[PDB]
Amino acid sequence: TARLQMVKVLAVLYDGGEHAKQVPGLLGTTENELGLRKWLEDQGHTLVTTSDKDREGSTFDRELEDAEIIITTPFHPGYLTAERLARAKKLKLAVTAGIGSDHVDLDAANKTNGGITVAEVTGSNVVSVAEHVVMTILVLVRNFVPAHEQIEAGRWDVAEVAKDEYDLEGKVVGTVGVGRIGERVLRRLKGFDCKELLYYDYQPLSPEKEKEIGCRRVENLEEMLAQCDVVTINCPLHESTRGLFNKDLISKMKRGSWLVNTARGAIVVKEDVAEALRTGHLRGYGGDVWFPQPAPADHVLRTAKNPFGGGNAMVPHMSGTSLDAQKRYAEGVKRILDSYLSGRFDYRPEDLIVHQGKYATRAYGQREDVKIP
Amino acid sequence: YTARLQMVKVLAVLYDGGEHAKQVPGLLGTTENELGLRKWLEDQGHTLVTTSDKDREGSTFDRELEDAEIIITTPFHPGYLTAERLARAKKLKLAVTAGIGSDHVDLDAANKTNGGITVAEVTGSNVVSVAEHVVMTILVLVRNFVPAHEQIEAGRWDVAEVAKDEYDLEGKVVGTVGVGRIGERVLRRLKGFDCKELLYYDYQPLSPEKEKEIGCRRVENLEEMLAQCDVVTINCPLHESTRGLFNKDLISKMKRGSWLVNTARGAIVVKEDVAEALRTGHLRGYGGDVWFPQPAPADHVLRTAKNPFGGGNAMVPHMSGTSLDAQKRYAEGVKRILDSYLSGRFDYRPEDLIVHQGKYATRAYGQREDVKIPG
Ligand SMILES: NC(=O)c1ccc[n+]([C@@H]2O[C@H](COP(=O)([O-])OP(=O)(O)OC[C@H]3O[C@@H](n4cnc5c(N)ncnc54)[C@H](O)[C@@H]3O)[C@@H](O)[C@H]2O)c1
Ligand SMILES: NC(=O)c1ccc[n+]([C@@H]2O[C@H](COP(=O)([O-])OP(=O)(O)OC[C@H]3O[C@@H](n4cnc5c(N)ncnc54)[C@H](O)[C@@H]3O)[C@@H](O)[C@H]2O)c1
């Protein structure tokens, strides 16, 4: 089979500065280029890498016009808008170094250059994220942040921070989405003797997995939220989840409940989360995802607190780019590139989001006209 | 029929809840709420004096302990029952810990005081709370949460800066020093995380059945275990053989870049040695909730010590065992222990007893001859 020749690859990755020189395990950076440069160049392909992706006349905007393959990463996402896709005359393959391709306008991608392939490294960092969810649940429930601040400030007042400290044992935790991440969140929660583990997804777990993990499907989202002490969002960003967690839906959660979001920032309405915290309807919010990214320096969820001055466990978008995760998604990007560059187009079907002008996944909403290859 | 004891003076040393304990009645373990004991004691004709004033020369604790028959302490704000104080406690018969860990009592001195006083604690009351806090703290350290949250609140954004020290717990080896009620519950919570191995070191082992259920392996030598672990968690009591156990020499057997968690007692580590190991990068992190002494002095080195990247500190005040869920259980348990004494039945749960009738009543405070387990 004839290999494709002299393919222009454009990678939009985060700037690792001195960190990426000092810690070579930062593969997903403009410095280390996912370990791809020599492997591409030895085949006669070219690689252009940038972190400059947001401003008018950005390097991304110039280079995308003749890139055949565009590698993006959700931690520093080159937004492939309809406007940009219309200028990307050579684009055939959009590879996400990570999981979650919602920074691509997938409807526009299906109408671009005959229908481009949008692929991501399915399963590469799902464990990383599930760990981060459980961590964030415990940090919020146990009131870690203001307690650690009290220590670093030289203070000592056990009652001040114990007054909002709970145990996770005996609490009800619900996941929105029970795919690779949500299932792994419930598998890590099992050992904590929560009162119940609940999920909401139009793609259910098998009865065998329900019994093994010890969890229950709730058919209505609002009915699940009303039963939970903790809610974790683990679904992709698509038209029906954008702004899903607005004031009306957050009002269905219990007063004093804890919300975790390691999915996508735009699934919540940031002002509505900030207001719920401000009034004490939420005890806490945490996670690692923001809209847009980089998160603006004045984004309200950097500093929003509950009425006790706690309840914020936000971090930069990092869970999916742990050093352990990066080794796996760097390897997976190479595998997806090799499928295309070899001329075999022998993608893992689970890596495909859109392909040949159609959605190739069930996970971006309940659709007609999905073609699983 | 057994005659109840009469007009017993009870002294409780608890933390000051200030306005918090008025606003949140679930803060039972405070001078405000008195573990919900006051009416229950007073209706029997007993007296209760409660204080947070326990450290200064001529403290309320020092005055009242001289004729208290029962002294209730709490590890979060511990009235240290030193040999000097026990020698002045002329009426003391029962020392009850509101919580778990009675090392703030000189237990050797307690065995020689007033014919051997009973030292009891509420075994099992907050062991889940602590085990949760351990797993949380392990994850916070391994995933580099603290400096990442600080970056966000400061208005900054640099993924590489904090991802460069962010690992997954999957595939790491975790060891526990102690596999009693907390250590076993830590391993039960780690099971779902697909650690490479779960290890323990304890002279009281798990049953083979429990080892296979949880999926863990006993290591016979402590230094051997430390050299294999990426994460170590300390879950044993404070006694002569564990005081200063985690000194520079033992910490040097841990892997470079390892994470150390201590929710047991502060004095099990040598704080200057932990700070030095962190500062040179031998530890990537230290965290937990316990300090020596308590309250932790404002300048305690572990409030502010960091790894060379400016992270690696997940310290909190002594709080894990005093979650609102825990306080309900240890308040109820203190009442149960008090009722055993005040009823004249002395029908304590054997597992609640630390020393009793002049002898250690537990195997958990070191390997001893002259341990008398009741039953
Ligand atoms: N924070 C990070 O670093 C990080 C990294 C990986 C993935 N993610 C995000 O997490 C998402 C999920 O990852 P995954 O590996 O679990 O995906 P997955 O496709 O295995 O599972 C997602 C599940 O969400 C369900 N879903 C879709 N819409 C839903 C809705 N309205 N309500 C409930 N469930 C719904 C789907 O049916 C599916 O089962 C990704 O799409 C990405 O946005 C974040
Ligand atoms: N941070 C908190 O709020 C909090 C709350 C409760 C308990 N604690 C501390 O945790 C300790 C453990 O509580 P637990 O409920 O698990 O007690 P436990 O008695 O069930 O178990 C303690 C175990 O440690 C073992 N041990 C003793 N010396 C050891 C040594 N040198 N090496 C290894 N193992 C050793 C014992 O054999 C025993 O199995 C308490 O004594 C207390 O000091 C902390």
# chains A, B, ... in the order shown; residues from 1 in each chain; ligands from 1

call {"tool": "closest_atom_pairs", "arguments": {"of": "chain B", "to": "ligand 2", "cutoff": "8 Å", "atoms": "only C-alpha atoms and all ligand atoms", "output": "tab-separated table"}}
result
residue	atom	partner	partner_atom_place_in_ligand_line	distance
B:75	CA	ligand 2	3 (O)	7.6
B:76	CA	ligand 2	3 (O)	7.2
B:99	CA	ligand 2	6 (C)	6.3
B:100	CA	ligand 2	6 (C)	4.5
B:101	CA	ligand 2	42 (C)	3.9
B:102	CA	ligand 2	41 (O)	7.1
B:103	CA	ligand 2	43 (O)	7.0
B:123	CA	ligand 2	15 (O)	6.3
B:124	CA	ligand 2	15 (O)	5.8
B:125	CA	ligand 2	6 (C)	7.9
B:126	CA	ligand 2	6 (C)	5.8
B:127	CA	ligand 2	15 (O)	5.3
B:129	CA	ligand 2	5 (C)	7.7
B:130	CA	ligand 2	2 (C)	5.7
B:177	CA	ligand 2	33 (C)	4.6
B:178	CA	ligand 2	34 (N)	3.5
B:179	CA	ligand 2	39 (O)	5.2
B:180	CA	ligand 2	21 (O)	3.3
B:181	CA	ligand 2	16 (O)	3.8
B:182	CA	ligand 2	16 (O)	3.7
B:183	CA	ligand 2	16 (O)	5.6
B:184	CA	ligand 2	16 (O)	7.6
B:201	CA	ligand 2	33 (C)	5.3
B:202	CA	ligand 2	34 (N)	3.8
B:203	CA	ligand 2	37 (O)	5.4
B:204	CA	ligand 2	37 (O)	4.7
B:205	CA	ligand 2	39 (O)	7.2
B:222	CA	ligand 2	32 (N)	7.6
B:235	CA	ligand 2	12 (C)	5.1
B:236	CA	ligand 2	24 (O)	3.5
B:237	CA	ligand 2	41 (O)	3.4
B:238	CA	ligand 2	43 (O)	5.7
B:239	CA	ligand 2	28 (N)	7.4
B:241	CA	ligand 2	31 (N)	6.2
B:242	CA	ligand 2	31 (N)	5.3
B:245	CA	ligand 2	31 (N)	7.9
B:262	CA	ligand 2	1 (N)	7.9
B:263	CA	ligand 2	1 (N)	4.2
B:264	CA	ligand 2	9 (C)	3.8
B:265	CA	ligand 2	43 (O)	5.3
B:288	CA	ligand 2	1 (N)	7.5
B:289	CA	ligand 2	1 (N)	5.7
B:290	CA	ligand 2	1 (N)	5.8
B:318	CA	ligand 2	3 (O)	6.1
B:319	CA	ligand 2	3 (O)	5.7
B:320	CA	ligand 2	3 (O)	4.4
B:321	CA	ligand 2	3 (O)	3.3
B:322	CA	ligand 2	3 (O)	6.4
B:362	CA	ligand 2	19 (O)	7.9
B:363	CA	ligand 2	37 (O)	6.4
B:364	CA	ligand 2	36 (C)	3.9
B:365	CA	ligand 2	27 (C)	5.5
B:366	CA	ligand 2	28 (N)	5.0
B:367	CA	ligand 2	28 (N)	7.7

call {"tool": "write_last_selection", "arguments": {"atoms": "N, CA and C atoms", "output": "short mmCIF file (atom, residue, chain, number, x, y, z; two decimals), in the first residue's frame"}}
result
data_model
loop_
_atom_site.label_atom_id
_atom_site.label_comp_id
_atom_site.auth_asym_id
_atom_site.auth_seq_id
_atom_site.Cartn_x
_atom_site.Cartn_y
_atom_site.Cartn_z
N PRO B 75 -8.06 14.63 71.12
CA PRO B 75 -6.72 14.77 70.55
C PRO B 75 -6.51 16.06 69.74
N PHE B 76 -7.61 16.66 69.27
CA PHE B 76 -7.56 17.84 68.38
C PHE B 76 -7.07 19.03 69.20
N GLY B 99 -12.35 10.72 70.84
CA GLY B 99 -11.59 10.41 69.64
C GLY B 99 -10.77 9.16 69.85
N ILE B 100 -9.63 9.08 69.17
CA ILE B 100 -8.78 7.88 69.10
C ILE B 100 -7.32 8.34 69.16
N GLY B 101 -6.55 7.72 70.02
CA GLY B 101 -5.13 7.99 70.24
C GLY B 101 -4.99 8.68 71.58
N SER B 102 -4.46 7.95 72.53
CA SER B 102 -4.40 8.40 73.94
C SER B 102 -2.96 8.72 74.34
N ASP B 103 -2.10 8.98 73.36
CA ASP B 103 -0.66 9.26 73.58
C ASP B 103 -0.41 10.62 74.24
N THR B 123 -12.82 3.69 70.19
CA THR B 123 -12.19 2.88 69.12
C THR B 123 -13.18 2.77 67.96
N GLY B 124 -12.69 2.98 66.74
CA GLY B 124 -13.51 2.88 65.52
C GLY B 124 -14.35 4.10 65.20
N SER B 125 -14.42 5.10 66.06
CA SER B 125 -15.38 6.22 65.87
C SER B 125 -15.06 7.07 64.63
N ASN B 126 -13.78 7.26 64.30
CA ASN B 126 -13.45 8.20 63.21
C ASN B 126 -12.41 7.58 62.29
N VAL B 127 -12.32 6.26 62.30
CA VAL B 127 -11.31 5.55 61.47
C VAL B 127 -11.66 5.70 59.99
N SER B 129 -13.21 8.33 58.65
CA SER B 129 -12.89 9.74 58.39
C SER B 129 -11.41 9.90 58.03
N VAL B 130 -10.58 9.29 58.86
CA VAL B 130 -9.13 9.42 58.70
C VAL B 130 -8.70 8.71 57.43
N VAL B 177 2.28 1.98 57.22
CA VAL B 177 2.87 1.64 58.54
C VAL B 177 1.73 1.50 59.54
N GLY B 178 1.34 0.26 59.82
CA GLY B 178 0.11 -0.03 60.60
C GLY B 178 -1.00 -0.46 59.67
N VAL B 179 -1.66 -1.56 60.01
CA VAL B 179 -2.79 -2.09 59.22
C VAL B 179 -3.92 -2.41 60.19
N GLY B 180 -4.08 -1.56 61.15
CA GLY B 180 -5.24 -1.61 62.07
C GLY B 180 -6.45 -0.99 61.45
N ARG B 181 -7.31 -0.39 62.26
CA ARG B 181 -8.63 0.03 61.77
C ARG B 181 -8.43 1.07 60.65
N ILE B 182 -7.54 2.05 60.83
CA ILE B 182 -7.35 3.07 59.77
C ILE B 182 -6.55 2.48 58.63
N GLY B 183 -5.40 1.88 58.90
CA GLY B 183 -4.56 1.40 57.77
C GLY B 183 -5.32 0.43 56.87
N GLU B 184 -6.07 -0.50 57.44
CA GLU B 184 -6.85 -1.45 56.63
C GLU B 184 -7.85 -0.66 55.78
N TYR B 201 3.18 -2.87 56.83
CA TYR B 201 4.14 -3.27 57.87
C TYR B 201 3.40 -3.13 59.19
N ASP B 202 3.28 -4.24 59.89
CA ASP B 202 2.59 -4.25 61.21
C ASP B 202 2.97 -5.56 61.86
N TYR B 203 3.25 -5.54 63.16
CA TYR B 203 3.49 -6.79 63.93
C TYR B 203 2.17 -7.50 64.22
N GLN B 204 1.01 -6.87 64.02
CA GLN B 204 -0.32 -7.50 64.05
C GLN B 204 -0.83 -7.59 62.62
N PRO B 205 -0.66 -8.74 61.95
CA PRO B 205 -0.94 -8.80 60.52
C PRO B 205 -2.43 -8.90 60.22
N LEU B 222 10.55 -2.91 57.97
CA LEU B 222 10.02 -1.56 57.63
C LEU B 222 10.91 -0.92 56.55
N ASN B 235 0.09 5.03 59.88
CA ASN B 235 -1.22 4.77 60.51
C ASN B 235 -1.07 3.93 61.78
N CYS B 236 -0.06 4.21 62.56
CA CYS B 236 0.17 3.49 63.83
C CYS B 236 0.05 4.49 64.96
N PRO B 237 -0.17 4.00 66.21
CA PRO B 237 -0.19 4.92 67.33
C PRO B 237 1.19 5.41 67.70
N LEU B 238 1.20 6.50 68.47
CA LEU B 238 2.40 7.07 69.09
C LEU B 238 2.69 6.37 70.42
N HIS B 239 3.85 5.72 70.46
CA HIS B 239 4.35 5.05 71.69
C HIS B 239 5.88 5.13 71.64
N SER B 241 8.36 3.32 70.86
CA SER B 241 9.09 2.78 69.70
C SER B 241 8.71 3.49 68.39
N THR B 242 7.65 4.29 68.36
CA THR B 242 7.27 5.07 67.15
C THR B 242 7.58 6.56 67.32
N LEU B 245 10.30 7.91 64.91
CA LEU B 245 10.61 6.78 64.02
C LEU B 245 11.03 7.33 62.66
N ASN B 262 0.92 11.56 56.85
CA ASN B 262 0.92 11.28 58.29
C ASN B 262 -0.34 11.88 58.89
N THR B 263 -1.33 11.05 59.07
CA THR B 263 -2.55 11.38 59.83
C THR B 263 -2.53 10.63 61.16
N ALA B 264 -1.40 10.09 61.55
CA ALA B 264 -1.32 9.32 62.82
C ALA B 264 -1.05 10.28 63.98
N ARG B 265 0.21 10.59 64.24
CA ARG B 265 0.63 11.61 65.19
C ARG B 265 1.86 12.32 64.67
N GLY B 288 -0.92 15.75 55.73
CA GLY B 288 -1.61 15.16 56.87
C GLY B 288 -2.18 16.25 57.74
N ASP B 289 -2.57 15.88 58.94
CA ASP B 289 -3.32 16.80 59.80
C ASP B 289 -2.74 16.85 61.21
N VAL B 290 -1.68 16.12 61.52
CA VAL B 290 -1.26 15.99 62.93
C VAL B 290 0.11 16.63 63.14
N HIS B 318 -5.43 19.77 62.81
CA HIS B 318 -5.81 18.42 63.26
C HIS B 318 -7.32 18.35 63.19
N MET B 319 -7.84 17.82 62.08
CA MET B 319 -9.30 17.93 61.82
C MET B 319 -9.90 16.63 61.29
N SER B 320 -9.11 15.70 60.74
CA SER B 320 -9.75 14.60 59.98
C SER B 320 -10.69 13.81 60.90
N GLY B 321 -10.27 13.51 62.11
CA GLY B 321 -11.06 12.74 63.09
C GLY B 321 -12.20 13.53 63.72
N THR B 322 -12.34 14.80 63.37
CA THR B 322 -13.38 15.68 64.00
C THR B 322 -14.25 16.26 62.88
N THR B 362 -4.03 -3.16 75.55
CA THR B 362 -3.99 -3.19 74.07
C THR B 362 -2.64 -3.72 73.63
N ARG B 363 -2.64 -4.33 72.45
CA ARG B 363 -1.42 -4.81 71.78
C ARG B 363 -0.89 -3.73 70.82
N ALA B 364 -1.63 -2.65 70.63
CA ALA B 364 -1.35 -1.68 69.53
C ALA B 364 -0.33 -0.61 69.91
N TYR B 365 0.07 -0.50 71.18
CA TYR B 365 1.00 0.54 71.68
C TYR B 365 2.37 -0.10 71.88
N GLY B 366 2.80 -0.89 70.89
CA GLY B 366 4.07 -1.62 70.96
C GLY B 366 3.90 -3.07 71.40
N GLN B 367 4.89 -3.90 71.04
CA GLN B 367 4.91 -5.34 71.39
C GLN B 367 5.33 -5.46 72.85
#

call {"tool": "interface_residues", "arguments": {"of": "chain B", "to": "chain A", "cutoff": "7 Å", "atoms": "only C-alpha atoms", "output": "ChimeraX atom specification"}}
result
/B:17,20,24,27,129,136,139-140,148-149,152-153,155-157,159-161,163-164,166-168,188-189,192-193,295,298-299,303-304,314-319,322-325

call {"tool": "residues_near_ligand", "arguments": {"ligand": "ligand 1", "cutoff": "6 Å", "atoms": "only C-alpha atoms and all ligand atoms", "output": "MDAnalysis selection string"}}
result
chainID A and resid 99:100 123 125:126 129 176:182 200:203 234:237 241 262:264 288:289 318:320 363:365

call {"tool": "write_last_selection", "arguments": {"atoms": "C-alpha atoms", "output": "compact mmCIF listing (two decimals), in the first residue's frame"}}
result
# COMPACT_ATOMS: atom_id res chain seq x y z
CA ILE A 99 -9.80 13.20 24.72
CA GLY A 100 -12.61 15.61 23.86
CA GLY A 123 -8.97 5.81 26.88
CA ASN A 125 -6.10 9.62 30.23
CA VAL A 126 -9.50 8.35 31.53
CA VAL A 129 -9.28 12.09 35.17
CA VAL A 176 -23.55 12.62 34.55
CA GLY A 177 -22.14 10.16 32.02
CA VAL A 178 -20.98 6.60 32.77
CA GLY A 179 -18.49 6.18 29.93
CA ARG A 180 -14.81 5.50 30.31
CA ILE A 181 -14.29 8.28 32.92
CA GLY A 182 -17.63 8.07 34.75
CA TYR A 200 -27.44 9.29 34.29
CA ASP A 201 -26.50 8.33 30.71
CA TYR A 202 -28.50 7.37 27.58
CA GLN A 203 -25.78 4.64 27.13
CA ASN A 234 -18.29 13.20 32.99
CA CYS A 235 -19.99 13.70 29.59
CA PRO A 236 -18.62 15.33 26.43
CA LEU A 237 -19.43 18.85 25.29
CA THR A 241 -24.69 19.64 27.12
CA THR A 262 -13.54 17.62 34.92
CA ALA A 263 -15.53 17.30 31.66
CA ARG A 264 -15.69 20.71 29.91
CA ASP A 288 -9.84 21.52 35.98
CA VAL A 289 -11.82 22.69 32.91
CA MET A 318 -4.14 19.45 33.91
CA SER A 319 -5.78 16.15 34.97
CA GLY A 320 -5.60 14.61 31.46
CA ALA A 363 -21.25 9.82 22.86
CA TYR A 364 -21.81 13.39 21.37
CA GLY A 365 -25.61 13.24 21.80

call {"tool": "residues_around", "arguments": {"residues": "segment 339-356 of chain A", "least_positions_apart": "4", "cutoff": "10 Å", "atoms": "only C-alpha atoms", "output": "ChimeraX atom specification"}}
result
/A:1-7,40,43,45,69,92-96,99-102,106-107,109-111,113-123,332-335,360-364,370-373

call {"tool": "select_by_dssp", "arguments": {"residues": "segment 65-204 of chain A", "states": "strand (DSSP E)", "output": "PDB file with N, CA and C atoms, in the first residue's frame"}}
result
ATOM      1  N   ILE A  69      -2.629  17.722   8.212  1.00  0.00           N
ATOM      2  CA  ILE A  69      -2.952  17.136   9.554  1.00  0.00           C
ATOM      3  C   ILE A  69      -2.787  18.263  10.549  1.00  0.00           C
ATOM      4  N   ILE A  70      -3.786  18.441  11.410  1.00  0.00           N
ATOM      5  CA  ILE A  70      -3.680  19.413  12.520  1.00  0.00           C
ATOM      6  C   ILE A  70      -3.847  18.631  13.825  1.00  0.00           C
ATOM      7  N   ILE A  71      -2.815  18.672  14.645  1.00  0.00           N
ATOM      8  CA  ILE A  71      -2.812  18.093  16.025  1.00  0.00           C
ATOM      9  C   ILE A  71      -3.121  19.233  16.983  1.00  0.00           C
ATOM     10  N   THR A  72      -4.184  19.073  17.767  1.00  0.00           N
ATOM     11  CA  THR A  72      -4.523  20.019  18.856  1.00  0.00           C
ATOM     12  C   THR A  72      -4.451  19.260  20.182  1.00  0.00           C
ATOM     13  N   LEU A  93      -7.206  15.483   8.323  1.00  0.00           N
ATOM     14  CA  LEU A  93      -7.163  14.772   9.629  1.00  0.00           C
ATOM     15  C   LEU A  93      -6.887  15.792  10.727  1.00  0.00           C
ATOM     16  N   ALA A  94      -7.790  15.855  11.694  1.00  0.00           N
ATOM     17  CA  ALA A  94      -7.666  16.646  12.937  1.00  0.00           C
ATOM     18  C   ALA A  94      -7.528  15.664  14.108  1.00  0.00           C
ATOM     19  N   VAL A  95      -6.342  15.610  14.719  1.00  0.00           N
ATOM     20  CA  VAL A  95      -6.038  14.643  15.808  1.00  0.00           C
ATOM     21  C   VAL A  95      -6.009  15.411  17.121  1.00  0.00           C
ATOM     22  N   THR A  96      -6.800  14.970  18.108  1.00  0.00           N
ATOM     23  CA  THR A  96      -6.756  15.532  19.476  1.00  0.00           C
ATOM     24  C   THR A  96      -5.756  14.743  20.322  1.00  0.00           C
ATOM     25  N   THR A 117     -11.584  13.721   8.902  1.00  0.00           N
ATOM     26  CA  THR A 117     -11.512  12.768  10.032  1.00  0.00           C
ATOM     27  C   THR A 117     -11.086  13.544  11.272  1.00  0.00           C
ATOM     28  N   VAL A 118     -11.909  13.473  12.313  1.00  0.00           N
ATOM     29  CA  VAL A 118     -11.558  14.016  13.657  1.00  0.00           C
ATOM     30  C   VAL A 118     -11.432  12.808  14.587  1.00  0.00           C
ATOM     31  N   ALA A 119     -10.227  12.618  15.088  1.00  0.00           N
ATOM     32  CA  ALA A 119      -9.832  11.444  15.889  1.00  0.00           C
ATOM     33  C   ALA A 119      -9.209  11.920  17.178  1.00  0.00           C
ATOM     34  N   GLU A 120      -9.349  11.125  18.244  1.00  0.00           N
ATOM     35  CA  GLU A 120      -8.719  11.448  19.542  1.00  0.00           C
ATOM     36  C   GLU A 120      -8.210  10.157  20.152  1.00  0.00           C
ATOM     37  N   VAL A 172     -24.516  10.351  48.935  1.00  0.00           N
ATOM     38  CA  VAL A 172     -24.949   9.835  47.617  1.00  0.00           C
ATOM     39  C   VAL A 172     -24.187  10.597  46.541  1.00  0.00           C
ATOM     40  N   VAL A 173     -23.485   9.898  45.655  1.00  0.00           N
ATOM     41  CA  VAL A 173     -22.723  10.514  44.547  1.00  0.00           C
ATOM     42  C   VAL A 173     -23.335  10.109  43.222  1.00  0.00           C
ATOM     43  N   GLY A 174     -23.587  11.048  42.352  1.00  0.00           N
ATOM     44  CA  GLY A 174     -24.157  10.820  41.024  1.00  0.00           C
ATOM     45  C   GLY A 174     -23.175  11.252  39.949  1.00  0.00           C
ATOM     46  N   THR A 175     -23.051  10.510  38.869  1.00  0.00           N
ATOM     47  CA  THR A 175     -22.246  10.905  37.703  1.00  0.00           C
ATOM     48  C   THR A 175     -23.160  11.189  36.512  1.00  0.00           C
ATOM     49  N   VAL A 176     -22.948  12.303  35.852  1.00  0.00           N
ATOM     50  CA  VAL A 176     -23.548  12.623  34.553  1.00  0.00           C
ATOM     51  C   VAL A 176     -22.626  12.091  33.475  1.00  0.00           C
ATOM     52  N   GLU A 196     -25.123   5.638  48.211  1.00  0.00           N
ATOM     53  CA  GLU A 196     -25.505   5.126  46.892  1.00  0.00           C
ATOM     54  C   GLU A 196     -24.595   5.754  45.845  1.00  0.00           C
ATOM     55  N   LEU A 197     -24.378   5.028  44.786  1.00  0.00           N
ATOM     56  CA  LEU A 197     -23.704   5.512  43.578  1.00  0.00           C
ATOM     57  C   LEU A 197     -24.701   5.512  42.433  1.00  0.00           C
ATOM     58  N   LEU A 198     -24.941   6.657  41.843  1.00  0.00           N
ATOM     59  CA  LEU A 198     -25.963   6.854  40.808  1.00  0.00           C
ATOM     60  C   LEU A 198     -25.333   7.305  39.513  1.00  0.00           C
ATOM     61  N   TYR A 199     -26.010   7.046  38.405  1.00  0.00           N
ATOM     62  CA  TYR A 199     -25.577   7.604  37.127  1.00  0.00           C
ATOM     63  C   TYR A 199     -26.752   7.941  36.261  1.00  0.00           C
ATOM     64  N   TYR A 200     -26.494   8.847  35.332  1.00  0.00           N
ATOM     65  CA  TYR A 200     -27.438   9.288  34.288  1.00  0.00           C
ATOM     66  C   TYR A 200     -26.660   9.257  32.981  1.00  0.00           C
TER      67      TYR A 200
END

call {"tool": "residues_around", "arguments": {"residues": "residue 70 of chain B", "least_positions_apart": "2", "cutoff": "6 Å", "atoms": "only C-alpha atoms", "output": "MDAnalysis selection string"}}
result
chainID B and resid 10 68 92 94:95

call {"tool": "atom_distance", "arguments": {"atom1": "atom CA of residue 56 of chain B", "atom2": "atom CA of residue 113 of chain B"}}
result
23.2 Å

call {"tool": "atom_distance", "arguments": {"atom1": "atom CA of residue 310 of chain A", "atom2": "atom CA of residue 23 of chain B"}}
result
16.7 Å

call {"tool": "atom_distance", "arguments": {"atom1": "atom CA of residue 19 of chain B", "atom2": "atom CA of residue 31 of chain B"}}
result
11.4 Å

call {"tool": "residues_around", "arguments": {"residues": "segment 60-65 of chain B", "least_positions_apart": "5", "cutoff": "6 Å", "atoms": "only C-alpha atoms", "output": "PDB file with N, CA and C atoms, in the first residue's frame"}}
result
ATOM      1  N   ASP B  53      -8.584  25.933  78.114  1.00  0.00           N
ATOM      2  CA  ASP B  53      -7.379  26.591  78.672  1.00  0.00           C
ATOM      3  C   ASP B  53      -6.503  25.522  79.310  1.00  0.00           C
ATOM      4  N   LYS B  54      -5.502  25.009  78.592  1.00  0.00           N
ATOM      5  CA  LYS B  54      -4.834  23.739  78.955  1.00  0.00           C
ATOM      6  C   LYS B  54      -3.304  23.802  78.924  1.00  0.00           C
ATOM      7  N   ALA B  89      -3.367  14.789  90.236  1.00  0.00           N
ATOM      8  CA  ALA B  89      -4.761  14.387  89.976  1.00  0.00           C
ATOM      9  C   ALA B  89      -5.167  13.343  91.025  1.00  0.00           C
TER      10      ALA B  89
END

call {"tool": "select_by_dssp", "arguments": {"residues": "segment 139-297 of chain A", "states": "helix (DSSP H, G or I)", "output": "PyMOL selection string"}}
result
chain A and resi 139-141+144-152+158-162+180-192+207-213+221-227+247-250+265-267+270-279

call {"tool": "closest_residue", "arguments": {"among": "B:67, B:240, B:332, B:230", "to": "residue 283 of chain B", "atoms": "only C-alpha atoms"}}
result
B:230

call {"tool": "residues_around", "arguments": {"residues": "residue 12 of chain A", "least_positions_apart": "5", "cutoff": "8 Å", "atoms": "only C-alpha atoms", "output": "number ranges by chain"}}
result
A: 30, 49-53, 60, 70-73, 76-78
